[PDB]
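These notes concern the structure reproduced below.
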Amino acid sequence: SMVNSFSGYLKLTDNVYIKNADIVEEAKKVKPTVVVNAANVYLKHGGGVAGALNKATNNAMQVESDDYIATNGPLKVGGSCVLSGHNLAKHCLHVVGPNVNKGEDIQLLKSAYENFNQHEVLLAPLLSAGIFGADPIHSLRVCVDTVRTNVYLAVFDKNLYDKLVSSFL
């Protein structure tokens, strides 16, 4: 069997790779051990990456997440939990980056990326980017300076992908 078959990624550092791709389509094609979700503390997968990953699981991710919250309570901003990856991956690592549109501390973005270091290889979006309101260039910088394990970043918008690559170096 063919798992963690990432292809067409641009190498940014020894361990950070990036591709202009839809993360749901990438997960279905690469079959990663871990797909990272851009989660909130209550695992309410409404929009952005979370809404897209949840919709791809036909809401099984939300049902599982609500049961996890009933048992454990909310996550901390900067924290994570490992749940099933359903039809996308073996596991989903739900990571809570700070949501600056909700007035959260951007300093917590490094703590959020540290969760990636517990997994040898991950398919991920840029934490706190998009609907979370942080600058994606800053998120990529924190990612490269924090994550030491193999992270494959999927950036949906070609124009944001080009901006990230062209401004990295």
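Numbers here simply count residues along the sequence, with the first being 1.
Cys81 and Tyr68 get closest at one heavy-atom pair: CB-OH, 3.6 Å.
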Side-chain donor-acceptor pairs of residues 108-116 under 3.5 Å, sequence neighbours excluded:
unit_1	atom_1	unit_2	atom_2	d
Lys110	NZ	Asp145	O	3.3
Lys110	NZ	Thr146	OG1	2.9
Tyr113	OH	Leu127	N	3.0
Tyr113	OH	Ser139	O	3.3
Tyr113	OH	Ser139	OG	2.7
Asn115	OD1	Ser80	OG	2.8
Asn115	ND2	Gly78	O	2.9
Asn115	ND2	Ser111	O	3.3
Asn115	ND2	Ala112	O	2.9

| So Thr13 and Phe168, side-chain contact (heavy atoms from CB on, under 4.5 Å) or not? Walk me through it. | CA-CA 10 Å; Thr13 71; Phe168 183 62; 3.8 Å; yes

| task | Would you sort out whether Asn40 and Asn99 count as a side-chain contact (heavy atoms from CB on, under 4.5 Å), showing the intermediate values? | result | CA-CA 8 Å; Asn40 53 49; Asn99 185 325; over 6 Å; no

| said: Let's go through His45 and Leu53 carefully: what are the C-alpha distance in whole Å and the side-chain angles of both, what is the deciding distance for side-chain contact (heavy atoms from CB on, under 4.5 Å) to 0.1 Å, and is it a yes or a no? | reply: CA-CA 8 Å; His45 312 306; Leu53 292 176; over 6 Å; no

| said: Let's go through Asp66 and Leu43 carefully: what are the C-alpha distance in whole Å and the side-chain angles of both, what is the deciding distance for side-chain contact (heavy atoms from CB on, under 4.5 Å) to 0.1 Å, and is it a yes or a no? | reply: CA-CA 7 Å; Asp66 287 352; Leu43 302 182; 5.9 Å; no

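The side chain to side chain contact (heavy atoms under 4.5 Å, CB included) with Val144 is formed by just one residue from the set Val142, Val147, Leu140; it is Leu140. For the side chain to side chain contact (heavy atoms under 4.5 Å, CB included) with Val82, the qualifying choice from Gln118, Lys90, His94, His119 is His119, the only one to do so.
Applying the side-chain contact (heavy atoms from CB on, under 4.5 Å) test to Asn4 and every residue at least two apart in sequence or in another chain returns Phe6, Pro32, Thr33, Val121. With sequence neighbours excluded, no residue forms a salt bridge (charged side-chain N to carboxylate O under 4.0 Å, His left out) with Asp105. Listed by chain and residue number, nothing satisfies the salt bridge (charged side-chain N to carboxylate O under 4.0 Å, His left out) test with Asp157 (two or more places apart in sequence, or in another chain).
By the 4.5 Å side-chain criterion applied to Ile, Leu, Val, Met, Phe, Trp and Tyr, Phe156 is assigned to no cluster and stands alone. Residues near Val3 contribute nothing to a hydrophobic cluster around it, because no ILVMFWY side-chain heavy atom sits closer than 4.5 Å to its side chain.
Few gaps surround NZ on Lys19; more than 12 heavy atoms of other groups in view lie less than 6.0 Å from it. Residue-environment remark: CG (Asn87) exceeds the threshold of 12 foreign heavy atoms within 6.0 Å.
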